[PDB]
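Let me begin by presenting the structure, written as structure tokens, before commenting on it.
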Amino acid sequence: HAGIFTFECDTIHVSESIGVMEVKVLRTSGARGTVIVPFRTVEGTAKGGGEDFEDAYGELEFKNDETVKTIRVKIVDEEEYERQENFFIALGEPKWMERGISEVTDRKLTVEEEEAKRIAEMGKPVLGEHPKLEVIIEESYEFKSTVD
């Protein structure tokens, strides 16, 4: 089926002065056909709108080999700030556009295919385990790893 969409990490740090933050959006080997996937900026504690960041929402087209893509969110810079800002970017709904999934008005098939081919023709993608990345606007970053 059309692949699971998820981000690389659950937690990231930027600073305003980065200009624009990016998350890489991955797609599993379910990458059969083209799927379009929206995203949008979601503050946790922030002012939002155009005020600690610009609300950055759009759609990303993911084709077969294209199973790596990115989301850009411009950060606004005001400096000398006494407060940590926090936001994340969540995905909307992945939708298959290479196919045209529609109602089964007629698909005369064999018995096995009556469900099996029908389900395969719906091909519906879904979100994954980490379809969001939490960003903290703060000095520098912290990172760790374990296991080979």
Give the residue that is nearest to the chain's Cα centre (by Cα), with candidates limited to residues of segment 90-137 that are more than 18 Å from residue 42 (Cα to Cα) and among the β-branched types (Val, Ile, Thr).
126
Scan segment 68-95 residue by residue and report those that are of a type in the set (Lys, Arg) and outside any strand (DSSP E or B).
83
Looking for something small (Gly, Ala, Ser) and within 23 Å of residue 32 (Cβ to Cβ) - is there at least one such residue anywhere in segment 81-94?
yes
Is there any pair with a first residue in segment 90-103 that is free of Cβ contacts under 8 Å to residues at least 60 places away in the same chain and on the phi < 0 side of the Ramachandran plot and a second that is surrounded by 14 or more Cβ atoms within 10 Å (Cβ to Cβ) and of a type in the set (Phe, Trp, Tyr) whose Cβ atoms are under 9 Å apart and which are 6 or more apart or on different chains, and what are they?
90/39; 92/39; 92/57
Going through segment 77-89 one residue at a time, which ones are surrounded by 15 or more Cβ atoms within 10 Å (Cβ to Cβ) and not acidic (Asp, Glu)?
86, 87, 88, 89
Could you say whether any residue in segment 33-53 is part of a loop (DSSP other than H, G, I, E, B), over 26 Å from residue 95 (Cβ atoms), basic (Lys, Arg) and out of contact with any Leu (no Cβ under 9 Å at 6 or more places or on another chain)?
yes
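Under the condition of being assigned to a strand (DSSP E or B) and among the charged types (D, E, K, R), which residue from segment 1-32 is nearest to residue 94 (Cα to Cα)? If you could, list the steps in order and put the result at the bottom.
The initial filter retains those residues of segment 1-32 that are assigned to a strand (DSSP E or B), namely 5-7, 11-14, 20-27.
In the following step, the residues that additionally are among the charged types (D, E, K, R) were identified as 22, 24, 27.
Details: 22: 19, 24: 16, 27: 11 Å.
Among residues in segment 1-32 that are assigned to a strand (DSSP E or B) and among the charged types (D, E, K, R), the one nearest to residue 94 (Cα to Cα) is 27.
Determine which member of the set 111, 76 is more than 23 Å from residue 3 (Cβ to Cβ) and touching a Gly at 6+ places or on another chain (Cβ under 9 Å). Can you show your working first?
Details: 111 fails: touching a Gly at 6+ places or on another chain (Cβ under 9 Å).
Step by step, each of 111, 76 is checked, and only 76 is more than 23 Å from residue 3 (Cβ to Cβ) and touching a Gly at 6+ places or on another chain (Cβ under 9 Å).
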Of the residues that make up segment 109-116, is at least one outside any loop (DSSP other than H, G, I, E, B), hydrophobic (A, V, I, L, M, F, W, C) and closer than 29 Å to residue 34 by Cα?
yes
Among residues belonging to segment 1-25 that are closer than 16 Å to residue 67 by Cα and crowded, with 17+ Cβ neighbours inside 10 Å, point out the one that is farthest from the chain's Cα centre (by Cα).
2
Search segment 123-148 for residues being closer than 17 Å to residue 62 by Cα and hydrophobic (A, V, I, L, M, F, W, C), and hand back the single one that is surrounded by the fewest Cβ atoms within 10 Å (Cβ to Cβ).
126
Provide a single number: the residues in segment 57-76 that are of a type in the set (A, V, I, L, M, F, W, C) and surrounded by fewer than 17 Cβ atoms within 10 Å (Cβ to Cβ).
2
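For neighbour counting, all protein chains shown are included, and Cβ atoms are generated from backbone atoms with ideal geometry for every residue, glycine included. The numbers here are math on the coordinates, done by the rules we state, and not lab data.
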